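> pasting the first bit of my complex, frame unchanged:
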Amino acid sequence: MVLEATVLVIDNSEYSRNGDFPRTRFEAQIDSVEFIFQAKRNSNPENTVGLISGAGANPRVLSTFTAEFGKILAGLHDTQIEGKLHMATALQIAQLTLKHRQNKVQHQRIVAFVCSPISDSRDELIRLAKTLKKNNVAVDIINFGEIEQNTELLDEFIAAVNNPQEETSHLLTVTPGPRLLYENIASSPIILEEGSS
Amino acid sequence: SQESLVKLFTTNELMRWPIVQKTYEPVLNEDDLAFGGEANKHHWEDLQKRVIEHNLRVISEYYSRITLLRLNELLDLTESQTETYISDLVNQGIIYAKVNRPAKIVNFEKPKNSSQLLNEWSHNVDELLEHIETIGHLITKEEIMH
Amino acid sequence: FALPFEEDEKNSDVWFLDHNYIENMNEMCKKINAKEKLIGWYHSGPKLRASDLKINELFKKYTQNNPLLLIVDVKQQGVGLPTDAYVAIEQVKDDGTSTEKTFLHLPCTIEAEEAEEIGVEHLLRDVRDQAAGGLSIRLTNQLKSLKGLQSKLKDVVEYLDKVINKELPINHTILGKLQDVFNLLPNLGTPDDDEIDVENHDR
């Protein structure tokens, strides 16, 4: 989306250990994190992107808004790769990042990859959905990590956040096996996704 | 055999001479070039002096006062030989005692000095106040973490 | 120095911190003074929390030593302790307990730099009720000192009761210190106490 700031979440997990894209899902995610960053810059050049960890109980800020690809790239290697995603904590820590920004003319976007299903209670994300859309924050969930064998708990959360205002949630369905992850991003909306009026 | 011997003498013990003698007579005394030679019979005799000096050192530290009548019994010596041994070891400046010739007591202590006692007391009071001051912080720490 | 920081009351595991701020402040401070380096973080307190251990981990990536978490009460509720200092250390805790990451108290005191001193002298123009002066100043102190200790002693009583009433976790460090409290009690009727009463007449 044009005129948007985005907090990437790299999923650090033991389902990211598991290989379902080359070399493993972690090495797949380096390539897809580079993809989105540049695509979004071209479409609007004021766009600027941070990175935070999906690891442990606490997500840590690896990068703040920046348009050097090198600062975001560096954090992908540095972070510990074995962890667990915690969606609830992520939404809130991502939201703080979207608070503290160069100009709030931009849309508040969270793009969050899923390799590992939720490790938290369902209902907490339902309550948090209404707080997110209250400040006009949307959350894009890339799902290849809950359709392996998992039933999709993701869909109901996207329903709750979605409501046209200026920002609308999307659910990027990505096939679960090798095809290269970056390409799956590309075939899903990622330069034509938008918030609706 | 050597291992129990070294161990006995190093650590602080109370032990009696004919019972230690009975242990190491069929053991160490028959080992030649130590105790089984002829002029090493008088190195065996010497082993006793070293045992009764060990007991004197121990008893000096731990016992502040003890009757002389008692001290004789524990050492396995006659009255006369107890007094002379105390005396020799006080010349050589290691220990200190005051032995009565009526044989009421031996006061294994060097009579403590006024200043040092007071010094010792003033420090204990500072340790109580320091102890409470540190404790109060850790109470706060535990309650809140709970 | 301050840093950008947010504190959420809804969950204590959410706070904000700006990392880029810490990296940029380092560059600047080496130019003013290279004897200055990051040594840890102050926290306003007065309440120490467990989530603060996790903030601690962050600060362990700018300094080699364990970071110092300097609780400075700004609300001025304590009449003493305007500094309490703790350092996170990681140790196997006794009594079948796991490895716990915990904040242990380590001694602190205000002592002032010499360059600081000059201003401390300038701004203090008050008579100073405690300054250690004349006969007068120290008779006021001696009373103050008894009520100080007595209140400190009262916290120990309360604490002990809550261990076996309300089942507080036994923290055996406290209890160990208390064994020595009973072991450094003055005992009367020994020649030491008697010499002290002779010394009161000497003086």
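Cool, got the structure. Numbering: from 1, shown residues only, chains lettered A, B, ... in the order given.

> Disregarding residues adjacent in the polypeptide, which is nearest to residue B:72?
What sits nearest to residue B:72 in space, not counting adjacent residues and going by Cβ to Cβ, 6 or more residues apart in numbering or on different chains, is residue B:82, at 5.3 Å. Every residue, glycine included, has its C-beta placed from N, CA and C.

> neighbours around that neighbour, how many?
As a burial measure, residue B:82 scores 21 neighbours (other Cβ atoms under 10 Å in any protein chain shown).

> Buried residues, the host helix or strand of it. List them.
Assigned by DSSP states H and E, residue B:82 belongs to helix B:79-91. Across helix B:79-91, burial judged by 16 or more other Cβ atoms under 10 Å in any protein chain shown covers B:82, B:83, B:85, B:86, B:89.

> Give me the contacts around it.
Helix B:79-91 has contacts (Cβ atoms under 8 Å, 6 or more residues apart in numbering or on different chains) with B:52-53, B:56, B:68, B:71-72, B:75, B:77, B:95-97, B:99, B:101, B:103, B:106.

> just the buried residues of helix B:79-91 now: which is nearest residue A:60?
The closest of these to residue A:60 turns out to be residue B:89 (Cβ to Cβ; 70.8 Å).

> gap between that closest one and chain C?
In this view, residue B:89 and chain C are 26 Å apart by Cβ to the nearest Cβ, to the nearest Å.

> What is the strand or helix carrying residue C:142 packed up against?
Using DSSP H and E, residue C:142 maps to helix C:135-165. Counting by 3 or more Cβ pairs under 8 Å, 6 or more residues apart in numbering or on different chains; DSSP states H and E, the packing neighbours recorded for helix C:135-165 are helix B:114-145.

> and if we set it to 10 Å?
With contacts taken as 3 or more Cβ pairs under 10 Å, 6 or more residues apart in numbering or on different chains; DSSP states H and E, helix C:135-165 sits against helix B:114-145, helix C:172-181.

> tell me the angle that helix makes with helix B:114-145.
In terms of direction (axes from the mean of the first three to the mean of the last three Cα atoms, to 10 degrees), helix C:135-165 departs from helix B:114-145 by 50 degrees.

> Tell me the buried residues in helix C:135-165?
Neighbour-count burial for helix C:135-165 [16+ other Cβ under 10 Å]: C:141, C:156, C:159.

> nearest spatial neighbour of the second one, skipping sequence neighbours?
Meaning residue C:156. Of all residues not flanking residue C:156 in the chain, residue B:135 sits nearest, at 6.0 Å (Cβ to Cβ, 6+ apart).

> Let's add chain D too:
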Amino acid sequence: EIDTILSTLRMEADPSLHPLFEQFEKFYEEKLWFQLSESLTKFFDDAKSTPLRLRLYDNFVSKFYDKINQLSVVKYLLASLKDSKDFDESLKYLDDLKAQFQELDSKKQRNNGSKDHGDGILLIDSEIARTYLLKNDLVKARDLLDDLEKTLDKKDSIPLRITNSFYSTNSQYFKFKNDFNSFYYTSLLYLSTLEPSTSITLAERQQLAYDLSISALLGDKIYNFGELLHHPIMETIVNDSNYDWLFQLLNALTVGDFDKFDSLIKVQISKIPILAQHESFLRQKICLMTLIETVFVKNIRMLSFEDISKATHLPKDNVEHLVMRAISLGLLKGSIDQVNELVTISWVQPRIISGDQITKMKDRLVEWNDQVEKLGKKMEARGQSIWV
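Putting chain D together with the chains above:
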């Protein structure tokens, strides 16, 4: 590929074990290696009584060592080489798995850009000493444990599992010498630092519990008999025949009864002949538990000889002896007065603290607080008119 091996193990195994080998084929295939890592750990726990463990580990360790957890390759190895009755084999497969990880971090660290695989080297290393222990080469194992210890200190974070194995090994070393004291103190740390993950049996703790109890009784420096019971390991296991008479031996020592001790000991001198040759050390340990305990609970810090004589049921002669030995140990320290028939203490060595002693310590400080308060009321009355 490896599917053919899995199938052959499955025909060979017991019907109850047949579901597990199928689970491994499906998880490898779907390429989901979190499931595969857990399912194997469950196998090596429960079907190492069957000797189809030996050919199963081989497939997983040697073809995956970066595609499964860093903990788990070492887990499958430790089970297989535990029931092993060849020491040559135990040693062997350790040198092999040690090679894989040293090799691996030359490439992997570079590409990946993260992850350290040196944690797992140290468990392997505990296990090399472990092999040496059983083979009766105790001396060799000691050196390798001291070289392990060094690495531990220069690590910023040391997970509990790593130091847990280290202490297990250290524990084994001490009980070969039969140094009760040195075993007891090492085993508490093992017990404390025990992992929240379950893959340890009830049975293992049980065996250990016998070992803890014995050391704790036939020691001479041990005045904590409920430090055993603040762990589940001896606490919850009291409900068998063997651990009834044993729990009772512990408890009699705790409250310092001589009457109850006499009844148990008499019987268990015959039964346990380890206990009979060490009967002398134990019999006096009771009197020493009463010495330290009685001066502690009382407010006076000097104790008469006659007090000890009635309590411990011994001549007045025997009492002095006991006192001299307490000074020697460091159980108590102070001065021994024979003439005035005192022992006036200057040190209490720190003890197990039970609810009853806290009650005492708390009470005594209430009096202290009242003492300060009354002196304070007096200090306010004199000098009310002038302070400054």
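
> The contacts of helix B:79-91 again please, chain D included this time.
Outside helix B:79-91, the residues that touch it by Cβ atoms under 10 Å, 6 or more residues apart in numbering or on different chains are B:49, B:52-53, B:56-57, B:60, B:68-69, B:71-73, B:75-77, B:95-101, B:103, B:106, B:108.

> Same question for stretch B:7-22.
Stretch B:7-22 is touched from outside by B:5, B:23, B:25, B:29, B:44, B:47-52, B:54-55, B:57-59, B:61-62, B:73-77, D:320-321, D:324-325, D:327-329, with contacts defined as Cβ under 10 Å, 6+ apart.

> Now the terminal residues of it, how far apart.
18 Å (Cα to Cα, to the nearest Å).

> Which strand in chain C has the most residues?
Ordering each strand of chain C by length in residues (DSSP state E) puts strand C:84-92 first.

> so what does that strand touch, helix or strand wise?
For strand C:84-92, the packing partners by 3+ Cβ pairs under 10 Å, 6+ apart come out as helix B:114-145, strand C:40-43, helix C:52-56, strand C:68-71, strand C:99-105, helix D:160-177, helix D:180-192.

> Now tabulate the ones you listed in JSON lines and tack on mean neighbour count.
Shown next, in JSON lines, are the helices and strands packed on strand C:84-92 (neighbours: other Cβ atoms under 10 Å in any protein chain shown):
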{"stretch": "helix B:114-145", "mean neighbour count": "14"}
{"stretch": "strand C:40-43", "mean neighbour count": "18"}
{"stretch": "helix C:52-56", "mean neighbour count": "19"}
{"stretch": "strand C:68-71", "mean neighbour count": "20"}
{"stretch": "strand C:99-105", "mean neighbour count": "16"}
{"stretch": "helix D:160-177", "mean neighbour count": "19"}
{"stretch": "helix D:180-192", "mean neighbour count": "20"}
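
> May I see those arranged in TSV, with distance to residue B:36 as well?
Converted to TSV, those look like this (distance: least, Cβ to Cβ, whole Å):
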stretch	distance to residue B:36
helix B:114-145	50
strand C:40-43	70
helix C:52-56	69
strand C:68-71	68
strand C:99-105	58
helix D:160-177	32
helix D:180-192	36
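
> so which of these comes closest to residue A:41?
Once the helices and strands packed on strand C:84-92 are compared by Cβ to Cβ, helix C:52-56 is nearest, at 32.9 Å.

> near chain A at all, that closest one?
Yes - judged by Cβ under 10 Å from any Cβ of the partner chain, helix C:52-56 comes into contact with chain A at C:54, C:55.

> contact partners of that helix?
With contact meaning Cβ under 10 Å, 6+ apart, helix C:52-56 is reached by A:56-58, A:60, B:145, C:5, C:12-13, C:15, C:17, C:40-41, C:43, C:45, C:49, C:66-69, C:71, C:86-88, C:90, C:100-103.
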